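Chemist: Take a look at this one; I'll ask things after.
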Amino acid sequence: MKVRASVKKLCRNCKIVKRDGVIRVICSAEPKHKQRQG
Amino acid sequence: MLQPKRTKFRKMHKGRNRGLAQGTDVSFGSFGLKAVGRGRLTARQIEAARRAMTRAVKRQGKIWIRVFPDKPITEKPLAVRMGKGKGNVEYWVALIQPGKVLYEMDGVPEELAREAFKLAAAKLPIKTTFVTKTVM
Amino acid sequence: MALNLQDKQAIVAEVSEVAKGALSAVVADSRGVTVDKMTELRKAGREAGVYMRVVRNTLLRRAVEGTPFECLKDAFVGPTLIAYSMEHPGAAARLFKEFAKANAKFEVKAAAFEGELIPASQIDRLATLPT
Amino acid sequence: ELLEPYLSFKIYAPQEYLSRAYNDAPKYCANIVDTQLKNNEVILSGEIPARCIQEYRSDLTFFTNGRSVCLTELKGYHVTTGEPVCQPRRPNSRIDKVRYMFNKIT
Amino acid sequence: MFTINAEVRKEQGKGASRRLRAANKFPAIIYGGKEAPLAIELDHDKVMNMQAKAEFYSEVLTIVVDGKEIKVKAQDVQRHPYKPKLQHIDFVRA
Amino acid sequence: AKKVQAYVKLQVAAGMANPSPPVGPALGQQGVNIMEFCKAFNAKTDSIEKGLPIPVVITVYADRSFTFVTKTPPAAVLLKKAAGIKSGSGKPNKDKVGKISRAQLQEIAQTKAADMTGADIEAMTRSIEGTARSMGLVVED
RNA sequence: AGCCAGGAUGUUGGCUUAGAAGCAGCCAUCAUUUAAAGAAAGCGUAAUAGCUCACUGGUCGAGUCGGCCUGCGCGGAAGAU
């Protein structure tokens with residue numbers, strides 16, 4: 001999975017999440033848009 | 001890559017960058033790209049950003065460039081000792097104090113201009129912000 | 001949504017269609033079709049013009065806001081989706097029975113054709129119209 | 001003026017997989033052609049160049065799921081395609097007075 | 001609604017104007033006519049919203065000071081170099 | 001009144017019996033025979049002028065054939081013989097390719113009204129005349 | 001903010017006729033039926049069909065969305081007794 005420091009939203013289905021204090025971008029639609037780091 | 005056409009002197013002084021720039025207001029186009037930060041811009045960065053936004057406006061409207069290099073920047077070649085002389089010129093920075101307008105835009109929708117200026121603010125080491133023409 | 005200058009205007013204009021209006025009938029297409037839009041509204045072209053207003057906005061504070069000024073009984077029709085259809089030419093026009101015949105003609109539902117206020121009656125089918 | 005043959009190549013594919021055969025069309029150099037369904041079986045009249053036609057057989061063995069079948073034959077000398085206009089040497093040799101044609105170049 | 005309350009300045013100079021600039025207020029002055037110029041302190045938070053209208057730079061202002069009203073025009077204005085804020089305005093009397 | 005199933009509105013001129021270079025597979029994409037679009041397609045064409053591209057409903061059913069109801073040709077191809085020039089848009093506001101007038105285009109409008117959905121003829125007048133403005137044509141009011 | 005709805009007939013529109021057709025690129029960017037619909041933001045096709053949002057109804061029933069100005073922080077931040 002992508003680990004880019006920048007995590008601007010790709011598709012409209014993305015949603016910012018801060019699990020364990022780590023910013024993430026979960027995506028119910030396309031798995032490729034899922035990415036770590038932020 | 002912009003560059004002065006003949007000059008009084010080739011090599012010149014490093015010099016300090018203290019102060020704030022004169023180029024405050026937008027004076028041509030409908031929208032500008034004011035520098036919040038401070039620092040020299042090489043001639044390549046002007047051209048790189050220049051094409052990164054000319055694309056987004058799709059060759060439409062008009063985009064002035066308020067800054068021009070006019071400052072030679074020498075460089076000692078690699079593996080050379082100190083002394084012997086001031087080094088040969090390489091590139092032409094233009095010092096940018098805070099508040100300087102860089103690019104101006106006209107003939108395009110505003111939020112599109114927000115996109116065109118954003119993708120060209122990416123190419124510039126200095127931190128800039130979007131502005132707008134005022135009634136004085 | 002547009003502010004009060006446009007919302008009130010939509011209500012006051014409906015009031016003007018009540019002062020000269022009379023017979024009307026409910027309709028509630030919970031699953032309507034645009035082909036059905038070319039039936040009851042095309043019928044208005046068969047009758048006369050665009051003046052008819054299906055106005056499907058039966059909010060208790062919107063369409064019912066004009067109720068105290070015109071026909072107080074209509075506020076009881078307020079619950080659930082409702083679409084008034086005011087008439088001007090021909091008092092007791094034949095448009096009322098069409099809402100029931102269309103419901104059997106692919107319309108799923110039409111608020112059980114309960115009707116409005118000409119005899120101050122209730123959910124009563126009526127073939128007795130000036131024809 | 002380089003040109004290549006482009007013989008037509010009809011093929012039979014199942015209708016359910018027939019929509020997957022249209023994806024092979026963009027990869028194939030051939031242009032679309034008329035075809036008609038035949039009950040559960042389906043077929044369509046293609047026409048693609050012979051240089052890439054030999055790879056078309058690999059496409060019906062995969063997207064067809066084993067139901068693929070096709071057939072064609074060479075026809076139509078017209079074609080023409082890029083790029084560079086490469087040519088196959090060489091012509092010609094073992095003929096009388098051939099070395100004098102080299103003088104004509106300069 | 002072109003009206004701005006404004007207390008009179010008491011300490012002119014670059015020193016006191018820095019302390020005042022940080023307090024969400026900026027210095028200003030009214031001048032013109034046979035009368036001598038009078039410096040006019042005024043709030044920054046209010047005027048910053050007013051300039052957005054094209055009329056603020058054209059139609060006459062009615063700044064109130066010490067009870068007395070003084071109609072003025074925005075003949076001149078000084079932008080902050082990069083922060084979105086005003087620094088000083090020349091309210092020429094109308 | 002069953003909804004969408006397989007019907008489409010695409011075929012070229014009505015005089016072109018059994019088209020193939022134009023439509024071709026598209027009409028044969030369903031189980032309908034290619035012969036269905038010439039032996040029966042011309043059965044209504046003979047009633048009126050030939051060669052006019054008239055869309056028609058093609059609601060295919062499992063029972064071999066299909067029901068259909070002819071409609072009205074588009075106004076774009078109508079602006080040729082009745083407009084003189086066979087051209088149209090491409091250069092709209094930049095120059096005047098042609099012009100007619102309201103006295104004539106409104107006169108044709110009610111012939112298409114059998115397919116058009118309008119409360120009144122005047123409401124269907126400018127909706128058709130406004131399509132010629134997309135062509136760059138300037139109606140003479 | 002969610003929720004069953006709706007989200008149109010010619011637009012197979014002229015175009016370089018091999019096709020672009022709400023969505024390659026050109027322009028116009030109509031107007032109607034109307035609680036509402038851009039003659040189109042994205043997806044999906046050789047092209048269509050198809051799937052959403054714009055917007056607008058009802059259910060619902062109290063506050064909410066989006067920028068600026070900054071304070072303090074998060075991530076970006078991996079080295080060898």
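By order of appearance in the structure tokens: chains A, B, ..., then residues from 1 within every chain, and ligands from 1 in the order shown.
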DSSP says strand (DSSP E or B) for which residues of chain E? Put them as a ChimeraX atom specification?
Modeler: /E:5,8,25-26,28-31,38-40,42-43,61-65,68-79,86-93
Chemist: With only C-alpha atoms (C1' of nucleotides) as the counted atoms, please give the residues lying no more than 7 Å from residue 16 in chain F, apart from itself and same-chain residues fewer than 3 positions off, as a PyMOL selection string.
Modeler: chain F and resi 13+19+51
Chemist: Might you pull out every residue within 10 Å of range 83-87 of chain F, with only C-alpha atoms (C1' of nucleotides) counted and same-chain residues fewer than 2 positions away left off, and present them as a PyMOL selection string?
Modeler: (chain F and resi 76-81+89-90+97-100+105+135+137) or (chain G and resi 14-15)
Chemist: Counting only C-alpha atoms, which residues of chain E sit at most 12 Å from some atom of chain B, and what is each one's closest atom pair with its distance in Å to one decimal, listed by chain and rising residue number, as a Markdown table?
Modeler:
```
| residue | atom | partner | partner_atom | distance |
| --- | --- | --- | --- | --- |
| E:51 | CA | B:135 | CA | 8.9 |
| E:52 | CA | B:134 | CA | 8.6 |
| E:53 | CA | B:135 | CA | 9.1 |
| E:54 | CA | B:135 | CA | 6.5 |
| E:55 | CA | B:135 | CA | 9.2 |
| E:56 | CA | B:135 | CA | 9.1 |
| E:57 | CA | B:135 | CA | 6.7 |
| E:58 | CA | B:135 | CA | 8.9 |
| E:74 | CA | B:136 | CA | 9.0 |
| E:75 | CA | B:136 | CA | 8.6 |
| E:76 | CA | B:136 | CA | 7.5 |
| E:77 | CA | B:136 | CA | 7.4 |
| E:78 | CA | B:136 | CA | 9.4 |
| E:79 | CA | B:24 | CA | 7.9 |
| E:80 | CA | B:99 | CA | 8.2 |
| E:81 | CA | B:99 | CA | 4.5 |
| E:82 | CA | B:99 | CA | 4.8 |
| E:83 | CA | B:36 | CA | 8.0 |
| E:84 | CA | B:131 | CA | 9.6 |
| E:89 | CA | B:136 | CA | 11.3 |
```
Chemist: Would you mind exporting C-alpha atoms of the selected residues as a PDB file, in the first residue's frame?
Modeler:
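Written output follows (out-v1.pdb):
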```
ATOM      1  CA  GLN E  51     -13.089  47.177   2.024  1.00  0.00           C
ATOM      2  CA  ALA E  52     -14.574  44.135   0.263  1.00  0.00           C
ATOM      3  CA  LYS E  53     -17.333  46.299  -1.202  1.00  0.00           C
ATOM      4  CA  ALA E  54     -16.370  48.374  -4.224  1.00  0.00           C
ATOM      5  CA  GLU E  55     -18.275  51.235  -2.593  1.00  0.00           C
ATOM      6  CA  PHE E  56     -15.872  51.501   0.357  1.00  0.00           C
ATOM      7  CA  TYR E  57     -13.207  53.008  -1.896  1.00  0.00           C
ATOM      8  CA  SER E  58     -15.668  55.376  -3.617  1.00  0.00           C
ATOM      9  CA  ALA E  74     -10.396  56.572   1.074  1.00  0.00           C
ATOM     10  CA  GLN E  75      -7.976  58.417  -1.179  1.00  0.00           C
ATOM     11  CA  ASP E  76      -5.114  56.162  -0.064  1.00  0.00           C
ATOM     12  CA  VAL E  77      -4.550  52.877   1.763  1.00  0.00           C
ATOM     13  CA  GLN E  78      -1.542  50.786   2.821  1.00  0.00           C
ATOM     14  CA  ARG E  79      -1.711  47.007   2.417  1.00  0.00           C
ATOM     15  CA  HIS E  80       0.172  44.650   4.659  1.00  0.00           C
ATOM     16  CA  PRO E  81       2.957  43.010   2.631  1.00  0.00           C
ATOM     17  CA  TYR E  82       1.746  39.400   3.036  1.00  0.00           C
ATOM     18  CA  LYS E  83      -0.571  39.070   6.049  1.00  0.00           C
ATOM     19  CA  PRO E  84      -4.188  39.849   5.116  1.00  0.00           C
ATOM     20  CA  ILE E  89      -5.529  54.627   5.614  1.00  0.00           C
TER      21      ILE E  89
END
```
Chemist: With only C-alpha atoms (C1' of nucleotides) as the basis for distance, which of E:11, E:3, E:32, E:45 is at the shortest distance from chain G?
Modeler: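 Checking each of E:11, E:3, E:32, E:45 against chain G, counting only C-alpha atoms (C1' of nucleotides), the winner is E:45.
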Chemist: Give me the residues within 10 Å of residue 30 in chain A as a CSV table (one decimal) with N, CA, C and O atoms, in the first residue's frame, counting only C-alpha atoms (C1' of nucleotides) and dropping any in the same chain fewer than 3 places off.
Modeler:
```
chain,number,residue,atom,x,y,z
A,10,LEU,N,-8.4,11.1,-3.0
A,10,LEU,CA,-8.5,10.8,-4.4
A,10,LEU,C,-9.9,10.7,-4.9
A,10,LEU,O,-10.4,11.7,-5.5
A,11,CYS,N,-10.6,9.6,-4.7
A,11,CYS,CA,-12.0,9.5,-5.1
A,11,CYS,C,-12.9,10.2,-4.0
A,11,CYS,O,-12.4,10.4,-2.9
A,13,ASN,N,-15.2,8.9,-2.3
A,13,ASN,CA,-15.5,7.9,-1.2
A,13,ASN,C,-14.5,7.9,-0.1
A,13,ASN,O,-14.8,7.4,1.0
A,14,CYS,N,-13.3,8.5,-0.3
A,14,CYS,CA,-12.3,8.5,0.7
A,14,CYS,C,-12.7,9.3,2.0
A,14,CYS,O,-13.5,10.2,1.9
A,26,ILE,N,-9.1,5.7,4.6
A,26,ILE,CA,-9.8,4.5,4.3
A,26,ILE,C,-10.7,4.7,3.1
A,26,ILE,O,-11.1,5.8,2.8
A,27,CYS,N,-11.0,3.6,2.3
A,27,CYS,CA,-11.8,3.7,1.1
A,27,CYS,C,-12.6,2.4,1.0
A,27,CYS,O,-12.1,1.4,0.8
A,33,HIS,N,-6.9,3.3,-3.7
A,33,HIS,CA,-6.9,4.6,-3.1
A,33,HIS,C,-6.5,4.5,-1.6
A,33,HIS,O,-6.1,5.6,-1.1
A,34,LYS,N,-6.6,3.3,-1.0
A,34,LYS,CA,-6.1,3.2,0.4
A,34,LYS,C,-4.6,3.5,0.5
A,34,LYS,O,-3.8,3.1,-0.4
```
Chemist: Find, counting only C-alpha atoms (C1' of nucleotides), the residue in G:53, G:78, G:68, G:36 that gets nearest to chain E.
Modeler: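 Smallest distance to chain E is found for G:68.
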Chemist: Could you pull out all residues of chain B with a DSSP call of alpha helix (DSSP H) and give them as JSON, numbers by chain?
Modeler: {"B": [43, 44, 45, 46, 47, 48, 49, 50, 51, 52, 53, 54, 110, 111, 112, 113, 114, 115, 116, 117, 118, 119, 120, 121]}
Chemist: Atoms to include: N, CA, C and O atoms. Write the selected residues as a compact mmCIF listing (two decimals), in the first residue's frame.
Modeler:
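Printed below is out-v3.txt as written:
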```txt
# COMPACT_ATOMS: atom_id res chain seq x y z
N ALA B 43 16.18 30.97 -12.54
CA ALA B 43 15.43 31.17 -13.77
C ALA B 43 14.67 29.92 -14.19
O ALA B 43 13.64 30.01 -14.87
N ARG B 44 15.16 28.74 -13.80
CA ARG B 44 14.47 27.49 -14.13
C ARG B 44 13.16 27.37 -13.37
O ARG B 44 12.15 26.92 -13.94
N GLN B 45 13.15 27.74 -12.09
CA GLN B 45 11.94 27.64 -11.29
C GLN B 45 10.84 28.55 -11.84
O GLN B 45 9.66 28.18 -11.82
N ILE B 46 11.21 29.74 -12.32
CA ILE B 46 10.24 30.61 -12.96
C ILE B 46 9.65 29.92 -14.18
O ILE B 46 8.43 29.89 -14.36
N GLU B 47 10.50 29.31 -15.01
CA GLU B 47 10.01 28.64 -16.22
C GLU B 47 9.25 27.36 -15.88
O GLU B 47 8.22 27.07 -16.49
N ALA B 48 9.75 26.58 -14.92
CA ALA B 48 9.06 25.35 -14.52
C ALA B 48 7.66 25.66 -14.03
O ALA B 48 6.67 25.09 -14.52
N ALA B 49 7.54 26.56 -13.05
CA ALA B 49 6.22 27.00 -12.61
C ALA B 49 5.45 27.65 -13.75
O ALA B 49 4.23 27.50 -13.84
N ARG B 50 6.15 28.35 -14.65
CA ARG B 50 5.48 29.05 -15.74
C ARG B 50 4.73 28.09 -16.65
O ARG B 50 3.63 28.41 -17.13
N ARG B 51 5.30 26.92 -16.92
CA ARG B 51 4.65 25.92 -17.75
C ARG B 51 3.69 25.04 -16.96
O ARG B 51 2.75 24.50 -17.55
N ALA B 52 3.90 24.89 -15.65
CA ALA B 52 2.98 24.11 -14.83
C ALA B 52 1.61 24.77 -14.70
O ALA B 52 0.63 24.06 -14.45
N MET B 53 1.52 26.09 -14.86
CA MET B 53 0.24 26.78 -14.81
C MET B 53 -0.29 27.18 -16.18
O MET B 53 -1.52 27.19 -16.37
N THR B 54 0.58 27.53 -17.12
CA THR B 54 0.14 27.78 -18.49
C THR B 54 -0.62 26.58 -19.04
O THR B 54 -1.56 26.74 -19.83
N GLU B 110 -12.08 32.32 -11.81
CA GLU B 110 -11.29 32.48 -10.59
C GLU B 110 -10.85 31.14 -10.01
O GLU B 110 -9.66 30.93 -9.76
N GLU B 111 -11.80 30.23 -9.76
CA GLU B 111 -11.44 28.97 -9.12
C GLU B 111 -10.53 28.13 -10.02
O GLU B 111 -9.66 27.41 -9.51
N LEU B 112 -10.71 28.22 -11.33
CA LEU B 112 -9.72 27.65 -12.24
C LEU B 112 -8.36 28.28 -12.01
O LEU B 112 -7.34 27.57 -11.92
N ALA B 113 -8.31 29.61 -11.91
CA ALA B 113 -7.07 30.30 -11.59
C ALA B 113 -6.50 29.84 -10.25
O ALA B 113 -5.28 29.76 -10.09
N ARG B 114 -7.37 29.52 -9.29
CA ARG B 114 -6.91 28.92 -8.05
C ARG B 114 -6.18 27.61 -8.32
O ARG B 114 -5.16 27.32 -7.68
N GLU B 115 -6.69 26.81 -9.26
CA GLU B 115 -6.02 25.57 -9.62
C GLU B 115 -4.71 25.84 -10.36
O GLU B 115 -3.68 25.23 -10.05
N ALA B 116 -4.74 26.73 -11.35
CA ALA B 116 -3.54 27.01 -12.13
C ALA B 116 -2.43 27.59 -11.26
O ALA B 116 -1.26 27.23 -11.41
N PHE B 117 -2.78 28.50 -10.35
CA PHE B 117 -1.77 29.07 -9.46
C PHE B 117 -1.31 28.06 -8.41
O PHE B 117 -0.16 28.12 -7.97
N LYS B 118 -2.19 27.13 -8.01
CA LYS B 118 -1.81 26.12 -7.02
C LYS B 118 -0.76 25.17 -7.59
O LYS B 118 0.28 24.94 -6.96
N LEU B 119 -1.01 24.61 -8.78
CA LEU B 119 -0.07 23.68 -9.40
C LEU B 119 1.24 24.35 -9.81
O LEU B 119 2.22 23.63 -10.07
N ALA B 120 1.29 25.68 -9.89
CA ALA B 120 2.54 26.40 -10.11
C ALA B 120 3.18 26.88 -8.82
O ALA B 120 4.41 27.03 -8.77
N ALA B 121 2.39 27.13 -7.76
CA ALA B 121 2.95 27.32 -6.43
C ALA B 121 3.66 26.07 -5.94
O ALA B 121 4.50 26.15 -5.03
```
Chemist: What is the CA of residue 45 in chain F-CA of residue 34 in chain D distance in Å, reported with one decimal?
Modeler: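 So the answer is 24.1 Å.
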Chemist: Rank A:16, A:23, A:29, A:1 by their smallest atom-to-atom distance to chain G, using only C-alpha atoms (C1' of nucleotides), and report the top residue only.
Modeler: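 Comparing A:16, A:23, A:29, A:1 against chain G, the winner is A:23.
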Chemist: What's around residue 27 in chain D at 12 Å? Count only C-alpha atoms (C1' of nucleotides), leave out sequence neighbours fewer than 2 positions away in its own chain, and write the answer as a list in words.
Modeler: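 Counting only the stated atoms, we get residues 21, 22, 23, 24, 25, 29, 30, 31, 32, 48, 52, 53, 55, 56 and 59 of chain D; 46 of chain G.
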Chemist: Return the neighbours of chain F among the residues of chain G, cut-off 10 Å, counting only C-alpha atoms (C1' of nucleotides), as an NGL selection string.
Modeler: :G and (9-15 or 17-19 or 21 or 26-33 or 47-49)
Chemist: Residues of chain C within 12 Å of chain F, using only C-alpha atoms, as an MDAnalysis selection string?
Modeler: chainID C and resid 33:52 105:107
Chemist: Write to file, as a PDB file, in the first residue's frame, the residues of the selection just made, with N, CA and C atoms.
Modeler:
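What landed in result12.pdb:
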```
ATOM      1  N   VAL C  33     -43.074   8.035 -12.416  1.00  0.00           N
ATOM      2  CA  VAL C  33     -42.309   7.905 -13.650  1.00  0.00           C
ATOM      3  C   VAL C  33     -42.481   9.181 -14.462  1.00  0.00           C
ATOM      4  N   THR C  34     -41.434   9.539 -15.219  1.00  0.00           N
ATOM      5  CA  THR C  34     -41.535  10.687 -16.113  1.00  0.00           C
ATOM      6  C   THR C  34     -42.532  10.439 -17.239  1.00  0.00           C
ATOM      7  N   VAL C  35     -42.749   9.173 -17.611  1.00  0.00           N
ATOM      8  CA  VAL C  35     -43.808   8.858 -18.566  1.00  0.00           C
ATOM      9  C   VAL C  35     -45.163   9.219 -17.976  1.00  0.00           C
ATOM     10  N   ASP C  36     -45.327   9.025 -16.662  1.00  0.00           N
ATOM     11  CA  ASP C  36     -46.523   9.502 -15.976  1.00  0.00           C
ATOM     12  C   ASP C  36     -46.561  11.020 -15.884  1.00  0.00           C
ATOM     13  N   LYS C  37     -45.400  11.684 -15.913  1.00  0.00           N
ATOM     14  CA  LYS C  37     -45.390  13.141 -15.981  1.00  0.00           C
ATOM     15  C   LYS C  37     -45.986  13.637 -17.292  1.00  0.00           C
ATOM     16  N   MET C  38     -45.900  12.833 -18.349  1.00  0.00           N
ATOM     17  CA  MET C  38     -46.492  13.152 -19.638  1.00  0.00           C
ATOM     18  C   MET C  38     -47.939  12.661 -19.759  1.00  0.00           C
ATOM     19  N   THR C  39     -48.628  12.477 -18.632  1.00  0.00           N
ATOM     20  CA  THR C  39     -50.025  12.062 -18.632  1.00  0.00           C
ATOM     21  C   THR C  39     -50.907  13.125 -17.987  1.00  0.00           C
ATOM     22  N   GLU C  40     -50.811  13.328 -16.671  1.00  0.00           N
ATOM     23  CA  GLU C  40     -51.662  14.312 -16.001  1.00  0.00           C
ATOM     24  C   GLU C  40     -51.288  15.739 -16.377  1.00  0.00           C
ATOM     25  N   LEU C  41     -50.022  15.984 -16.720  1.00  0.00           N
ATOM     26  CA  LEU C  41     -49.600  17.319 -17.122  1.00  0.00           C
ATOM     27  C   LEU C  41     -49.828  17.583 -18.604  1.00  0.00           C
ATOM     28  N   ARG C  42     -49.680  16.561 -19.455  1.00  0.00           N
ATOM     29  CA  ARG C  42     -50.136  16.683 -20.836  1.00  0.00           C
ATOM     30  C   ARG C  42     -51.637  16.927 -20.896  1.00  0.00           C
ATOM     31  N   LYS C  43     -52.389  16.343 -19.956  1.00  0.00           N
ATOM     32  CA  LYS C  43     -53.823  16.595 -19.855  1.00  0.00           C
ATOM     33  C   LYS C  43     -54.126  18.081 -19.694  1.00  0.00           C
ATOM     34  N   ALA C  44     -53.252  18.824 -19.004  1.00  0.00           N
ATOM     35  CA  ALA C  44     -53.440  20.265 -18.885  1.00  0.00           C
ATOM     36  C   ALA C  44     -53.350  20.953 -20.238  1.00  0.00           C
ATOM     37  N   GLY C  45     -52.508  20.440 -21.140  1.00  0.00           N
ATOM     38  CA  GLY C  45     -52.496  20.965 -22.495  1.00  0.00           C
ATOM     39  C   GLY C  45     -53.761  20.622 -23.256  1.00  0.00           C
ATOM     40  N   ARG C  46     -54.312  19.431 -23.006  1.00  0.00           N
ATOM     41  CA  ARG C  46     -55.602  19.068 -23.578  1.00  0.00           C
ATOM     42  C   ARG C  46     -56.709  19.981 -23.070  1.00  0.00           C
ATOM     43  N   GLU C  47     -56.563  20.502 -21.853  1.00  0.00           N
ATOM     44  CA  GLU C  47     -57.561  21.378 -21.246  1.00  0.00           C
ATOM     45  C   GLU C  47     -57.370  22.829 -21.680  1.00  0.00           C
ATOM     46  N   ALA C  48     -56.223  23.421 -21.340  1.00  0.00           N
ATOM     47  CA  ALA C  48     -55.927  24.791 -21.742  1.00  0.00           C
ATOM     48  C   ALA C  48     -54.430  25.079 -21.700  1.00  0.00           C
ATOM     49  N   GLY C  49     -53.873  25.290 -20.509  1.00  0.00           N
ATOM     50  CA  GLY C  49     -52.496  25.736 -20.439  1.00  0.00           C
ATOM     51  C   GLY C  49     -51.663  25.261 -19.265  1.00  0.00           C
ATOM     52  N   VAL C  50     -50.608  26.027 -18.962  1.00  0.00           N
ATOM     53  CA  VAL C  50     -49.646  25.690 -17.910  1.00  0.00           C
ATOM     54  C   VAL C  50     -50.127  26.086 -16.526  1.00  0.00           C
ATOM     55  N   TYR C  51     -51.243  26.815 -16.437  1.00  0.00           N
ATOM     56  CA  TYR C  51     -51.672  27.424 -15.176  1.00  0.00           C
ATOM     57  C   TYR C  51     -51.821  26.416 -14.043  1.00  0.00           C
ATOM     58  N   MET C  52     -52.081  25.149 -14.365  1.00  0.00           N
ATOM     59  CA  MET C  52     -52.223  24.139 -13.320  1.00  0.00           C
ATOM     60  C   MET C  52     -50.874  23.876 -12.654  1.00  0.00           C
ATOM     61  N   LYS C 105     -53.880   2.823 -14.180  1.00  0.00           N
ATOM     62  CA  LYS C 105     -53.136   2.860 -15.432  1.00  0.00           C
ATOM     63  C   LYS C 105     -51.650   3.081 -15.158  1.00  0.00           C
ATOM     64  N   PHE C 106     -51.042   2.159 -14.416  1.00  0.00           N
ATOM     65  CA  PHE C 106     -49.631   2.234 -14.062  1.00  0.00           C
ATOM     66  C   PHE C 106     -49.303   3.534 -13.329  1.00  0.00           C
ATOM     67  N   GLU C 107     -49.606   3.572 -12.036  1.00  0.00           N
ATOM     68  CA  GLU C 107     -49.260   4.707 -11.188  1.00  0.00           C
ATOM     69  C   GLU C 107     -48.939   4.273  -9.765  1.00  0.00           C
TER      70      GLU C 107
END
```
Chemist: Write out as a list in words each polymer residue whose atoms come within 10 Å of range 13-20 of chain D, counting only C-alpha atoms (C1' of nucleotides); drop sequence neighbours fewer than 4 positions from it.
Modeler: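 Result of the neighbour search: residues 24, 25, 37, 38, 39, 40, 41, 42, 43, 44, 60, 63, 64, 65, 66, 67, 68, 69 and 70 of chain D; 29 and 30 of chain F.
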Chemist: How many Å lie between CA of residue 87 in chain B and CA of residue 73 in chain B, rounded to one decimal?
Modeler: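 Straight-line distance from CA of residue 87 in chain B to CA of residue 73 in chain B works out to 8.9 Å.
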Chemist: Quick one: everything within 12 Å of residue 93 in chain B, counting only C-alpha atoms (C1' of nucleotides), minus sequence neighbours fewer than 6 positions away in the same chain. Send it as a PyMOL selection string.
Modeler: chain B and resi 1-4+14+17+39-47+67-74
Chemist: Quick one, how far is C1' of residue 23 in chain G from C1' of residue 43 in chain G?
Modeler: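 For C1' of residue 23 in chain G relative to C1' of residue 43 in chain G, the distance reads 10.1 Å.
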Chemist: Residues of chain A within 9 Å of chain G, counting only C-alpha atoms (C1' of nucleotides) - could you list those as a ChimeraX atom specification?
Modeler: /A:4-6,21-23,37-38
Chemist: Using the selection just defined, write its residues with N, CA, C and O atoms as a PDB file, in the first residue's frame.
Modeler:
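Done, and the output landed in selection35.pdb:
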```pdb
ATOM      1  N   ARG A   4       2.688   7.535   1.069  1.00  0.00           N
ATOM      2  CA  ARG A   4       3.060   8.917   0.800  1.00  0.00           C
ATOM      3  C   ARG A   4       2.739   9.813   1.990  1.00  0.00           C
ATOM      4  O   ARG A   4       1.699   9.666   2.639  1.00  0.00           O
ATOM      5  N   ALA A   5       3.647  10.751   2.272  1.00  0.00           N
ATOM      6  CA  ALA A   5       3.417  11.696   3.360  1.00  0.00           C
ATOM      7  C   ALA A   5       2.186  12.554   3.107  1.00  0.00           C
ATOM      8  O   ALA A   5       1.476  12.916   4.055  1.00  0.00           O
ATOM      9  N   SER A   6       1.913  12.890   1.847  1.00  0.00           N
ATOM     10  CA  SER A   6       0.712  13.629   1.487  1.00  0.00           C
ATOM     11  C   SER A   6      -0.428  12.648   1.243  1.00  0.00           C
ATOM     12  O   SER A   6      -0.255  11.640   0.548  1.00  0.00           O
ATOM     13  N   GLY A  21      -3.573   7.521  16.469  1.00  0.00           N
ATOM     14  CA  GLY A  21      -2.850   8.754  16.258  1.00  0.00           C
ATOM     15  C   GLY A  21      -2.188   8.883  14.909  1.00  0.00           C
ATOM     16  O   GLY A  21      -1.481   9.874  14.678  1.00  0.00           O
ATOM     17  N   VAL A  22      -2.382   7.924  14.006  1.00  0.00           N
ATOM     18  CA  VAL A  22      -1.782   7.947  12.673  1.00  0.00           C
ATOM     19  C   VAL A  22      -2.876   8.273  11.664  1.00  0.00           C
ATOM     20  O   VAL A  22      -3.906   7.585  11.609  1.00  0.00           O
ATOM     21  N   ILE A  23      -2.655   9.323  10.879  1.00  0.00           N
ATOM     22  CA  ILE A  23      -3.615   9.721   9.859  1.00  0.00           C
ATOM     23  C   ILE A  23      -3.650   8.676   8.754  1.00  0.00           C
ATOM     24  O   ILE A  23      -2.606   8.220   8.266  1.00  0.00           O
ATOM     25  N   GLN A  37       0.389   6.635   6.098  1.00  0.00           N
ATOM     26  CA  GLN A  37       1.157   7.846   6.370  1.00  0.00           C
ATOM     27  C   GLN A  37       0.279   9.086   6.271  1.00  0.00           C
ATOM     28  O   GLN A  37      -0.750   9.072   5.593  1.00  0.00           O
ATOM     29  N   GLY A  38       0.659  10.155   6.962  1.00  0.00           N
ATOM     30  CA  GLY A  38      -0.100  11.392   6.920  1.00  0.00           C
ATOM     31  C   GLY A  38       0.064  12.225   8.176  1.00  0.00           C
ATOM     32  O   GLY A  38       0.266  13.439   8.109  1.00  0.00           O
TER      33      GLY A  38
END
```
